[PDB]
Structure formats: structure tokens, C-alpha cells
Amino acid sequence: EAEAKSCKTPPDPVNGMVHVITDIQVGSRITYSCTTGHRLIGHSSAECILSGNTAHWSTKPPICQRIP
């Protein structure tokens, strides 16, 4: 709970890319994106939360289903 930042940045989703809103500090809320036409199979968002001794993003690795 000091100096902030403790969540490891998520890997770039397939045919997509993650965007940081301001910083990687705990309490923030970044967002995810994908190629035009692909709906985010998740929450389209994240929240840096500590699960004990390791801080990570509450959202699972987003996917792109590709929509006709």
C-alpha cells in the first residue's frame, strides 16, 4: 500500500490492444480494445486489486469473437 503500482500489465489481446488511462497504480481502471467488429468477451475494463501477496487485474485476458 505504498508507492502505488503493483499490478502487472496484461498481454496485448489477440487482434487488439490494452490502453492505460493514467497510471498502473492500485485503485485505477484501465480499458481494453480490439479490431473494429470484434466484441469484447469480458468486462471491457479492469481494476488493480490485491489478492493477498500479489496484485493483478480482476479481468481475465479479453478475447475477440469477430462479428460478421
# chains A, B, ... in the order shown; residues from 1 in each chain; ligands from 1
>>> residues_around(residues="residue 6 (chain A)", least_positions_apart="6", cutoff="9 Å", atoms="only C-alpha atoms", output="PyMOL selection string")
chain A and resi 24-26+48-50+54-56
>>> residues_around(residues="residue 62 (chain A)", least_positions_apart="5", cutoff="7 Å", atoms="only C-alpha atoms", output="count of residues only")
4
>>> closest_residue(among="A:51, A:38, A:5, A:45", to="residue 18 (chain A)", atoms="only C-alpha atoms")
A:45
>>> select_by_dssp(residues="chain A", states="strand (DSSP E)", output="PyMOL selection string")
chain A and resi 16-19+31-34+48-50+55-57
>>> closest_residue(among="A:44, A:16, A:21, A:7", to="residue 57 (chain A)", atoms="only C-alpha atoms")
A:7
>>> atom_distance(atom1="CA of residue 23 (chain A)", atom2="CA of residue 52 (chain A)")
21.0 Å
>>> closest_residue(among="A:22, A:36, A:9, A:4", to="residue 58 (chain A)", atoms="only C-alpha atoms")
A:9
>>> residues_around(residues="residue 67 (chain A)", least_positions_apart="2", cutoff="8 Å", atoms="only C-alpha atoms", output="JSON, numbers by chain")
{"A": [37, 38, 39, 65]}
